[PDB]
Amino acid sequence: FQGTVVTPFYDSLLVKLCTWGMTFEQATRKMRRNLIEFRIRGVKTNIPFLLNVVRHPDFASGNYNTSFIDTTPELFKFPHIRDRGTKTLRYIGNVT
Amino acid sequence: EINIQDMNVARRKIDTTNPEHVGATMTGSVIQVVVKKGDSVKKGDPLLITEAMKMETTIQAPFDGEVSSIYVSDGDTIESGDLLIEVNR
Amino acid sequence: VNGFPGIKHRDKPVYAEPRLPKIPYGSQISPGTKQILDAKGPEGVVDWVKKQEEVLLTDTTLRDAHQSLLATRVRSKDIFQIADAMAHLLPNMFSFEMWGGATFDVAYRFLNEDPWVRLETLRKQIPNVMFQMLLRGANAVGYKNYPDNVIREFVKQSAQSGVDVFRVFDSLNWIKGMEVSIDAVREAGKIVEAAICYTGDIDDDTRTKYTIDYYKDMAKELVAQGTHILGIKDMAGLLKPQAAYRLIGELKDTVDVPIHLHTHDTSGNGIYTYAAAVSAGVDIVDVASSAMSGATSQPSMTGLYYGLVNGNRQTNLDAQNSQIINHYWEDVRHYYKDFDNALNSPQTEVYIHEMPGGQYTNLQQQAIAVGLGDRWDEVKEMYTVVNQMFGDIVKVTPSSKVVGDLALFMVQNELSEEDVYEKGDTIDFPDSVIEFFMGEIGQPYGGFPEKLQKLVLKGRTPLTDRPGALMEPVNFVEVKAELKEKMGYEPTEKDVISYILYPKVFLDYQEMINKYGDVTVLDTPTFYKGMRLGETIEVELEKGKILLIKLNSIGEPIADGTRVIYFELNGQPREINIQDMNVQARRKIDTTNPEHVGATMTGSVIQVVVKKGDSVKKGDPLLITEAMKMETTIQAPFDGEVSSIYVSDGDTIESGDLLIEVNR
Amino acid sequence: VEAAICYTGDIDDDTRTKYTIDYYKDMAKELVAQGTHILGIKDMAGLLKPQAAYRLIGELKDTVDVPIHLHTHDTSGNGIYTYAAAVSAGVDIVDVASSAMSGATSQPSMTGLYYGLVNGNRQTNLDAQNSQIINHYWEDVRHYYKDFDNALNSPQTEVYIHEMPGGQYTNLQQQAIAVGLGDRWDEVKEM
Amino acid sequence: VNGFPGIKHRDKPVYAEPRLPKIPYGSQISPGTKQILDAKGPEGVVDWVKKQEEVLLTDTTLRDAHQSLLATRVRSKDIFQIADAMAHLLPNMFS
Amino acid sequence: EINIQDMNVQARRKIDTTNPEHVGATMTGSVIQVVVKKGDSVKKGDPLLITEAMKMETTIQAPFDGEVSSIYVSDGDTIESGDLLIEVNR
Amino acid sequence: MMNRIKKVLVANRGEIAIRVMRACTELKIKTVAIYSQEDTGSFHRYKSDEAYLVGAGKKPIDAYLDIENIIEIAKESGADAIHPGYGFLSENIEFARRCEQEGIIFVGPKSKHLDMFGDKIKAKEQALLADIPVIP
Ligand SMILES: Nc1ncnc2c1ncn2[C@@H]1O[C@@H]2COP(=O)(O)O[C@H]3[C@@H](O)[C@H](n4cnc5c(N)ncnc54)O[C@@H]3COP(=O)(O)O[C@H]2[C@H]1O
Ligand SMILES: [Mn+2]
Ligand SMILES: [Mn+2]
């Protein structure tokens, strides 16, 4: 929740996000949107990784198994953050 | 919240409930600060050295961790309870 | 923001968490005197006491100790916190003195909490040891005289709510004065400990008024009047050790009830006097925890234990346990520093002036207040003189106040004893003196001095009976109904009695808890000092229901001094408004917000025409401003409600300054 | 020369066989032999209880033929009572302070002692009123030293367990707080 | 400007002037134990003590009392100020 | 040295104990009412101001005959014992 | 609506603690959270009718494994049942038995189920007995 302090002692879990559809594909579209729509600032999250999983066509297909993640190194390439906001605030902060 | 270094510039007390807050034990001044923000430290490691009627004491890390904010500088006058350094677990 | 009333406003210190005893879950409380009383009544307790070879102890830590040292400010929260350990660790006390004296009105008046609640809560936490109170016979815990039915009702309630031993005294040693209270305690099934106040010096046969025979005869009368235990109340700490041995020794040959001695350690000889009393066979003595003992308080319980452990007669106290309870008070006492102003060394002048423990600190205060701090020694000398003027009286609340009021009055007006006798008919004496000589606090031993009575009374006619016997009984039904209208809902019997005893403060209390809630729950440092920036506290509303509160920042004041305070409560950000009663760069309009009304030009404010909350229409006048003395009227840009105001008449302003906000 | 014996332990407890009355008596004899004019008994921790004082002084008066000078601290709150016993046993000289600088870890009040004894069979030669006058000065002067008036200033009966002399208690709590052990002051006392 | 070493730096309070005893000009100091010592030595003092029925008093106000309560900080100025009254008003102390 | 009224104002002074012209707060509280103005002429015992201490009122009196000088407090002002409140010239 | 369970102590933290508290409230059951020192600000503590510090003095994970203190709290609060969520004590035989001893319903299977499905071999033995395939 906004204002919480995550500690290192227990699980990191912030929220379990679940999506439903009449079909798996419908549920998949929603998982994608919702993962992207989340805004969480002050700590890093695993969302970039979940998105990679949920967008990967092996996931969409429904044919994956125990080894999928461990043998799919594309899942560990991440887009560069766009943090134009944050930079703009550093500038404003600095002149101020 | 973003951090900005103020190039051209009341003293805070420890929140007693938080053990990450390292406080002055006694009234005096700070002779030397031995660590930097970000440094990694182990239980008992030296954080800073303080003075009390000129008799030196070394404030130690209460546990293993990473040094966060520093609220005092060499020379600074201090009173018991003053928050000096924060050490994240 | 504004500090606590009556003290220097200073930052909340960083306090040590108090040392609490670890009581293993499911340890059982041992039964003690409360069980004996519940089973076999007063006489069963009395019989039990007679059997005890050891000296028994009453513990005054929860009442008299802090009345003497900390102006009765110890709050309930701090008392409830240690109560459970007291039940487990100190189960052999005769009693805990925990109610009466000044605690009743101080609770309501300065602590904003309810003494009945204190009594009832503690009663559950300590079910094994008798509870004891101090009752002024004539008027209970009140500030004046009250009809008999009031005194009777108070006692009835006190007894029901859990008081077991009533130590009943009268300020002049006037037995008649106590008769109602004594009878009501008998009627209620509880223990009567009627007390004789000690004064003078029975080892000096120069002093023929308050002699051992006086004390012995008074003992006999009180047994006859039907006390179960005989109290000796040495309120000024005047009873020296060799006098105590004789006095107790002789009283044990004279009456056949147990004796209960109460002293103060003002002179530093309290323990020694207790040692003598114990050799003479006294049954029970009054002690406090070490850390709340000494000086104007009771002697240390643990100090007494060790003073006697190797003698022929001991106390039944577990030293180590008492030491553990004591650690708590060592720590808690720091909270009350602003009230720990008693000098706290021996003070042997008491043997000359005879001011009781509390009144010394108290009367020094009034003397300093009134500009006489430099002449405190004269005032003490005058107290002594005035006591002689009154024929040598017993001095304890309220008789003591009379002697004090006159002593001040005469130093303030440069008046000698002779001047009073010469010019008394043309001098207007303080009301307490008039009331005293009218007999409104009862009849002194040896009667009033005639010459001085006539000169104070100024024709008025004394009474010779209990002021209260001649008072109209109170109609409880009528009062209850009056109070219900005032409170806005149905009061309890206790509410009613308190209202009657203390009407102004009772209603001030109600106002206060309607506005701020039951602040009794707050930890004492927060009660007295609020919070530091960045601090987090935990407020226990109730078992299991805790508010976790953090102070984040304090906003800048607007014109009327209102500030926004920014808290988090249980993770919820909360902003509340507080008027800063004593305020020691000006904000620009946010140009995007048309609710912001800004100075058009550089000048000053002549007049503000509206108030926060006022309702306004497009074009209405908000304020008038000046520019090289040519006036302009700033108008409402639209219909709305006036919000915050950032300027005051006279204020200098520059174009762009935010002046007023007008909500749509 | 007032050579002194430091008092420790508890001669009324015959569990404790090291520092017994005979120890004190033998040590008295040696010091007279070594040529002291007055015998000092220095009870630096305030451990000498009243009944022990009576015996100890009483017996020492039968043992040596020099005057005895008793010094205690009022740490436990029983100093006066202990002085009263000492005086009944014929002690010659005792150590007191002005009221306002007395009690707790200091000496018992001179004026308090005077009044504790004035009606007994043996007195002090002090002018009460004059001592009270001197005492007013100290009542006022003591305020100047508030920043050093950090002694706890109530009775403290744990001294009978730990036996820390008067000064060192305050002093050692300081070092403990300094070194981060303010929370564990009870452990330190046990140690 | 900088405060005194070892204490919280705070404003000087406003203090009461200490109550000093008024000793009339020309009052003479009574002789006490120092005279006995000067005349008849240690053994003269010892003999004097033996004759005393009353318990004698040594006053520790100027040393041990403030060593215990005020960390020995009582300054000479405050000690000299009362010393003359001590000589006149407390002349029967052993020491 | 010249006096200028500061029309728009944005630690409190203690009595010099040696100067009896300095009238000081006896106790900690606040000021209910100031009864005199700078320049007013007063007699020993006359009321200067009224102060509060846990809501119990006291009236600070003129220590002697004289002329009221500077005033350092206003109605409502919080005060601590020793604070200089008013000066009364002889 | 319920029979015996008027109040439930949720012996957990975080997500699952909140999950259980929501279910309870929907069934008009009162709830008791517990929280370690280090979770004093954790938001599960805000979602219960009552809350109590648990495991004072213990290391952080141990705090929510303090059987004695949890029971004390359950007893002192009048809890009829304890829901252990997952992790922590949810599969602990001792804790479940201890609920039994105090007459407090353990929201879960029986102690013997925890026993039999605790060691992987006796579970496999039970699968075999139940006649379902297994891994070599
Ligand atoms: N003849 C003797 N035998 C044994 N020990 C003696 C003694 N004379 C004095 N002491 C010791 O000195 C203490 C105080 O003697 P004091 O007469 O000063 O003070 C005494 C005295 O004022 C009075 N007291 C006690 N027993 C007494 C008696 N038998 N006759 C007269 N007064 C007595 O109570 C005080 C406390 O007596 P406590 O024994 O508690 O404390 C006694 C005891 O420890
Ligand atoms: Mn009393
Ligand atoms: Mn010493």
Side-chain angles (χ1 to χ4, degrees), chain A residues 1-17 38-47 86, chain B residues 1-3 12-23 37-41 61-71 83-89, chain C residues 14 17 531-540 546-553 565-575, chain G residues 10 12-19 21 33-48 51-64 85 87-88:
Chain A
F1 74 111
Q2 192 156 112
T4 197
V5 175
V6 176
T7 80
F9 307 115
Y10 304 110
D11 72 24
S12 16
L13 185 62
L14 282 159
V15 64
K16 301 187 226 154
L17 167 60
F38 255 91
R39 298 289 108 101
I40 293 183
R41 301 202 162 261
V43 293
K44 281 350 195 274
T45 79
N46 64 331
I47 287 166
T86 298
Chain B
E1 303 189 357
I2 77 123
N3 287 330
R12 235 179 93 216
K13 294 281 165 181
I14 64 178
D15 191 45
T16 190
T17 64
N18 190 352
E20 257 153 53
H21 283 200
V22 185
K37 173 168 153 100
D39 284 16
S40 192
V41 299
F63 37 64
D64 280 75
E66 201 203 55
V67 177
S68 180
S69 279
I70 298 182
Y71 298 78
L83 174 57
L84 306 178
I85 300 203
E86 205 172 293
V87 178
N88 291 339
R89 275 155 312 175
Chain C
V14 175
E17 199 71 19
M531 290 181 73
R532 284 176 241 112
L533 302 172
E535 196 186 2
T536 284
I537 59 169
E538 273 184 274
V539 176
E540 181 174 21
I546 295 195
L547 308 177
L548 183 104
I549 298 181
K550 192 187 198 199
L551 174 56
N552 283 320
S553 62
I565 319 300
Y566 296 89
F567 289 102
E568 279 164 11
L569 184 157
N570 290 343
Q572 303 172 39
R574 305 281 273 267
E575 302 189 357
Chain G
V10 188
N12 218 300
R13 68 183 300 284
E15 169 285 289
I16 194 64
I18 292 176
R19 170 79 184 91
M21 293 170 198
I34 64 183
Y35 65 82
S36 62
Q37 174 48 45
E38 290 83 9
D39 262 344
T40 294
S42 171
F43 111 125
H44 76 100
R45 155 222 223 304
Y46 302 134
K47 296 294 192 173
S48 52
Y52 298 99
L53 172 68
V54 69
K58 301 198 153 82
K59 308 226 296 291
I61 291 252
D62 293 340
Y64 292 102
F88 297 106

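Note on naming: letters A, B, ... go to the chains in the order of the sequence lines (proteins, then strands), and numbering restarts at 1 for each one. Basis for what follows: all heavy atoms, side chains included, without hydrogens, waters or symmetry-related copies.
Checked against side-chain contact (heavy atoms from CB on, under 4.5 Å), C:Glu568 has the following partners two or more places apart in sequence or in another chain: C:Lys550, C:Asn552. The ring-ring contact (aromatic ring centres under 6.0 Å, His included) check on G:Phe43 picks up A:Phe1, with sequence neighbours excluded. Checked against side-chain hydrogen bond (donor to acceptor under 3.5 Å, both in side chains), G:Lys59 has no partners two or more places apart in sequence or in another chain. Evaluation of the side-chain hydrogen bond (donor to acceptor under 3.5 Å, both in side chains) rule for B:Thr16 yields no partner, not counting sequence neighbours. In this structure G:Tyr64 satisfies the ring-ring contact (aromatic ring centres under 6.0 Å, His included) test together with A:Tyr10, G:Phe88, sequence neighbours excluded. Applying the side-chain contact (heavy atoms from CB on, under 4.5 Å) test to B:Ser68 and every residue at least two apart in sequence or in another chain returns B:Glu86, B:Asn88.
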Query raised in the report: Please walk me through it: do G:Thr40 and B:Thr17 pass side-chain contact (heavy atoms from CB on, under 4.5 Å)?
Result: CA-CA 10 Å; G:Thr40 294; B:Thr17 64; over 6 Å; no
Requested in this report: List the steps, then state whether side-chain contact (heavy atoms from CB on, under 4.5 Å) holds for G:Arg45 with C:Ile546.
Outcome: CA-CA 10 Å; G:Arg45 155 222 223 304; C:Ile546 295 195; 3.7 Å; yes
**Report entry** side-chain contact (heavy atoms from CB on, under 4.5 Å) between G:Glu15 and A:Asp11, intermediate numbers included
**Finding:** CA-CA 10 Å; G:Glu15 169 285 289; A:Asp11 72 24; over 6 Å; no
Report task. Dump the intermediate steps for side-chain contact (heavy atoms from CB on, under 4.5 Å) on C:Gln572 and G:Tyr46, then the final yes or no. Result -> CA-CA 10 Å; C:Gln572 303 172 39; G:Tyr46 302 134; over 6 Å; no
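Heavy atoms only, all atoms of each residue included: C:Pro573 and C:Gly571 are closest at CD-O, 3.4 Å. The nearest pair of heavy atoms linking A:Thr45 to A:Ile47 is OG1-N, 3.1 Å. For the residue pair B:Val22 and B:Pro62, the shortest heavy atom distance occurs at CG2-CD, 4.2 Å. In this structure, B:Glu20 and B:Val87 approach most closely via the heavy-atom pair CG-O, 2.8 Å.
Under the 4.5 Å side-chain criterion, counting only non-hydrogen atoms from C-beta, G:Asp39 is in contact with G:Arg13. Inter-residue side-chain proximity for C:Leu551 and C:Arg532 is flagged as unmet; no heavy-atom pair is nearer than 4.5 Å. Taking 4.5 Å as the limit, every side-chain heavy atom of G:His44 sits out of range of all side-chain heavy atoms of G:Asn12. No side-chain heavy atom of B:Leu84 sits less than 4.5 Å from a side-chain heavy atom of B:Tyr71.
Taking CG of B:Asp15 as the start and OG1 of C:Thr536 as the end, the distance is 5.0 Å to the nearest 0.5 Å. Note that the CD atom of A:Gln2 and the CD1 atom of A:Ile40 stand 11.0 Å from one another [nearest 0.5 Å]. Between B:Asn18 atom CG and G:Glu38 atom CD the span is 10.5 Å, to the nearest 0.5 Å. Atoms OG and CD1, on G:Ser42 and G:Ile18 in that order, are 6.5 Å from each other to the nearest 0.5 Å. With rounding to the nearest 0.5 angstrom, the OG atom of G:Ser36 is 8.0 Å from the CG atom of G:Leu53. The CE atom of C:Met531 sits 6.5 Å away from the CD1 atom of C:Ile549 when rounded to the nearest 0.5 Å.
Annotation for G:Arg19: atom CZ does not count as buried by contact number, only 12 or fewer foreign heavy atoms lying within 6.0 Å.
Seen from the ring of A:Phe9, B:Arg89 does not count as a face-on cation partner, given the 6.0 Å and 45° thresholds.
At distances below 3.5 Å, not a single donor-acceptor pair connects side-chain atoms of C:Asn570 with backbone N or O atoms of C:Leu547.
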